[PDB]
Amino acid sequence: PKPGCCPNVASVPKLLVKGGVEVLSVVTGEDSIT
Amino acid sequence: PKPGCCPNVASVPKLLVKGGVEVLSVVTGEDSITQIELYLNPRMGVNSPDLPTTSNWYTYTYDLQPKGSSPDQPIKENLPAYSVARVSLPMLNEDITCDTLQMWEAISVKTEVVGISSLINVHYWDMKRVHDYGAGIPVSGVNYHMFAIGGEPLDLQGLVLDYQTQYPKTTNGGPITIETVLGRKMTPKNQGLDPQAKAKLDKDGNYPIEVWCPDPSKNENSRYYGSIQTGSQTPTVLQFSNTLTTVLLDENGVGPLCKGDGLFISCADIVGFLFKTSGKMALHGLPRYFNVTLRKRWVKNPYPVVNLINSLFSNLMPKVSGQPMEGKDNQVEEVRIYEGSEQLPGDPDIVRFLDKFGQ
Amino acid sequence: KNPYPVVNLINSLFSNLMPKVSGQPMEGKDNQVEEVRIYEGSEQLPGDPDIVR
Amino acid sequence: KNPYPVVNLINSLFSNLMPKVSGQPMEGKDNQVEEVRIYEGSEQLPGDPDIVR
């Protein structure tokens, strides 16, 4: 977990579900992107 | 005087109101216990004791015999059926600051069959004897029991013993089967179970026993206890008592919440054949007692009340047919959900299942 | 960042560790799994457990 | 922000909470309600009670 001994990457919005139609039922946070 | 001289008497929760149906209009405190009890007559093809042409065989069936010529056509009152009730529950005070409200919750249903000592009625002018100059053989054979309490009506996986049967068409209130709940011809898939045949139960004597069992898949809000003991001349057994209490509480302490303040009681107690002396046979149900002990407890409402009422006004909420975007064989391919943020994955097309790498 | 864990990945290749079966279809179009729910955390008690979204 | 007040909206929907009755016409062209006043507060005594504001 040492920052000076391990490289860092950019910040990208996290995938949470990828699938069919029946995954719109997922309870998300206050600020999501669908 | 002081409690040291007067003898101490142990406390019991006192009885406030006792009486018929119109007790339930009373307003209680925050914490109270209602102990509503009820029975129901078993609908057995012969629904009511008032038709004079068919009233002698109430809570029986007719000559329930095999036809012998393919296919069969059973009569509306030849095949047995369930029975369902609904006691009405009062309004009770809600809240709006915490979006919480009260609902009735059953905790321990008590039950007993009230017609059980009528089974030893051996003397009867049609019971088939065991031998010459004998007594008739008493009522036995096919035994079946299923009672169900719950806030929603209990639902069912419809599976018939053979798809070749032709139950009568329900122009009037008639026997609703898997033929008339979908409209197609009864395919031979329905001898095994089938997921697209899931009817609900909302009529008396119109959803037969011989076409389905209660579904164990969708009934999470209604518990049910069932049994079977079948065979031609097998002895039935039944124990009835006044000191059994079946606790209804789930793994997480919740109960069977009354959904729309309904307390659907659903039962069927078909037990035994009585042998007619000509050789005919007939199924005979017995009426079931209940004792539900509803208790008030708090809950948070599932739905927002604001967006819910907007669905009724057609100028405000439109609904079109269009092309199918839901269900089976629809035209929506991929749905993503992006929440939060993290480090960059290896590709934006991560496959999650383990096995599909060789395909 | 590495998308796939290397340890679960190598179990997928052998027929001993990841047994494949010509079984009844539980993944696909005609499959028979009816209601798969997943729980997480804790919250207040909802009104009816068959929440129609 | 919800523009429609829900308490002003939900009463208009039920037949029992808001009864609609097929009476005689009290609004429109043939209104039989003839004159309606309204009083708010109390000022000093006006010139004649036949005055109209």
# chains A, B, ... in the order shown; residues from 1 in each chain; ligands from 1
$ calpha_fit_rmsd --fixed "chain C" --moving "chain D"
1.9 Å
$ interface_residues --of "chain B" --to "chain A" --cutoff "6 Å" --atoms "only C-alpha atoms" --output "PDB file with N, CA, C and O atoms, in the first residue's frame"
ATOM      1  N   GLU B 334     -27.663  -4.440 -23.945  1.00  0.00           N
ATOM      2  CA  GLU B 334     -26.728  -4.314 -22.842  1.00  0.00           C
ATOM      3  C   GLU B 334     -27.109  -3.117 -21.996  1.00  0.00           C
ATOM      4  O   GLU B 334     -27.437  -2.050 -22.516  1.00  0.00           O
ATOM      5  N   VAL B 335     -27.069  -3.308 -20.682  1.00  0.00           N
ATOM      6  CA  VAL B 335     -27.364  -2.250 -19.728  1.00  0.00           C
ATOM      7  C   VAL B 335     -26.191  -2.150 -18.772  1.00  0.00           C
ATOM      8  O   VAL B 335     -25.836  -3.136 -18.121  1.00  0.00           O
ATOM      9  N   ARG B 336     -25.587  -0.978 -18.688  1.00  0.00           N
ATOM     10  CA  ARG B 336     -24.502  -0.745 -17.756  1.00  0.00           C
ATOM     11  C   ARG B 336     -24.993   0.129 -16.614  1.00  0.00           C
ATOM     12  O   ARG B 336     -25.949   0.888 -16.761  1.00  0.00           O
ATOM     13  N   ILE B 337     -24.343  -0.002 -15.465  1.00  0.00           N
ATOM     14  CA  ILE B 337     -24.582   0.857 -14.313  1.00  0.00           C
ATOM     15  C   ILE B 337     -23.233   1.346 -13.818  1.00  0.00           C
ATOM     16  O   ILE B 337     -22.375   0.537 -13.451  1.00  0.00           O
ATOM     17  N   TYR B 338     -23.041   2.656 -13.801  1.00  0.00           N
ATOM     18  CA  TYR B 338     -21.797   3.252 -13.340  1.00  0.00           C
ATOM     19  C   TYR B 338     -22.059   3.973 -12.029  1.00  0.00           C
ATOM     20  O   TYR B 338     -22.890   4.884 -11.973  1.00  0.00           O
ATOM     21  N   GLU B 339     -21.355   3.566 -10.978  1.00  0.00           N
ATOM     22  CA  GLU B 339     -21.496   4.176  -9.667  1.00  0.00           C
ATOM     23  C   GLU B 339     -20.131   4.260  -9.007  1.00  0.00           C
ATOM     24  O   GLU B 339     -19.363   3.296  -9.029  1.00  0.00           O
ATOM     25  N   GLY B 340     -19.837   5.415  -8.420  1.00  0.00           N
ATOM     26  CA  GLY B 340     -18.556   5.587  -7.774  1.00  0.00           C
ATOM     27  C   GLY B 340     -17.430   5.733  -8.785  1.00  0.00           C
ATOM     28  O   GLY B 340     -17.633   6.093  -9.947  1.00  0.00           O
ATOM     29  N   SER B 341     -16.221   5.435  -8.319  1.00  0.00           N
ATOM     30  CA  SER B 341     -15.032   5.517  -9.153  1.00  0.00           C
ATOM     31  C   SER B 341     -13.952   4.637  -8.549  1.00  0.00           C
ATOM     32  O   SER B 341     -13.880   4.471  -7.330  1.00  0.00           O
ATOM     33  N   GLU B 342     -13.110   4.080  -9.412  1.00  0.00           N
ATOM     34  CA  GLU B 342     -12.009   3.235  -8.971  1.00  0.00           C
ATOM     35  C   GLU B 342     -10.897   3.313 -10.009  1.00  0.00           C
ATOM     36  O   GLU B 342     -10.909   4.171 -10.897  1.00  0.00           O
ATOM     37  N   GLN B 343      -9.922   2.418  -9.884  1.00  0.00           N
ATOM     38  CA  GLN B 343      -8.838   2.333 -10.847  1.00  0.00           C
ATOM     39  C   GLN B 343      -9.324   1.715 -12.153  1.00  0.00           C
ATOM     40  O   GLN B 343     -10.402   1.122 -12.216  1.00  0.00           O
ATOM     41  N   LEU B 344      -8.509   1.848 -13.190  1.00  0.00           N
ATOM     42  CA  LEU B 344      -8.911   1.445 -14.529  1.00  0.00           C
ATOM     43  C   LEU B 344      -8.886  -0.074 -14.676  1.00  0.00           C
ATOM     44  O   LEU B 344      -7.866  -0.703 -14.372  1.00  0.00           O
TER      45      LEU B 344
END
$ select_by_dssp --residues "chain A" --states "strand (DSSP E or B)" --output "PyMOL selection string"
chain A and resi 11-12+15-19+32-33
$ interface_residues --of "chain B" --to "chain D" --cutoff "10 Å" --atoms "only C-alpha atoms" --output "number ranges by chain"
B: 305-307, 309-310, 312-313
$ write_last_selection --atoms "N, CA and C atoms" --output "CSV table (one decimal), in the first residue's frame"
chain,number,residue,atom,x,y,z
B,305,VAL,N,-44.9,7.9,-1.9
B,305,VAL,CA,-46.3,8.2,-2.2
B,305,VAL,C,-46.5,9.2,-3.3
B,306,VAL,N,-45.4,9.9,-3.6
B,306,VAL,CA,-45.5,11.1,-4.5
B,306,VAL,C,-45.5,10.6,-5.9
B,307,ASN,N,-44.6,9.8,-6.3
B,307,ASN,CA,-44.5,9.4,-7.7
B,307,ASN,C,-45.5,8.3,-8.0
B,309,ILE,N,-48.9,8.2,-7.2
B,309,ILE,CA,-50.2,8.7,-7.6
B,309,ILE,C,-50.2,9.3,-8.9
B,310,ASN,N,-49.0,9.7,-9.4
B,310,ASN,CA,-48.9,10.3,-10.8
B,310,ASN,C,-49.2,9.3,-11.9
B,312,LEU,N,-51.7,7.5,-12.2
B,312,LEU,CA,-53.2,7.3,-12.4
B,312,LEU,C,-53.7,8.4,-13.4
B,313,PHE,N,-53.1,9.6,-13.5
B,313,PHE,CA,-53.6,10.6,-14.3
B,313,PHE,C,-53.0,10.5,-15.7
$ atom_distance --atom1 "CA of residue 58 (chain B)" --atom2 "CA of residue 44 (chain B)"
7.8 Å
$ interface_residues --of "chain C" --to "chain A" --cutoff "10 Å" --atoms "only C-alpha atoms" --output "PyMOL selection string"
chain C and resi 1+52-53
$ atom_distance --atom1 "CA of residue 283 (chain B)" --atom2 "CA of residue 61 (chain B)"
5.4 Å
$ atom_distance --atom1 "CA of residue 187 (chain B)" --atom2 "CA of residue 167 (chain B)"
14.0 Å
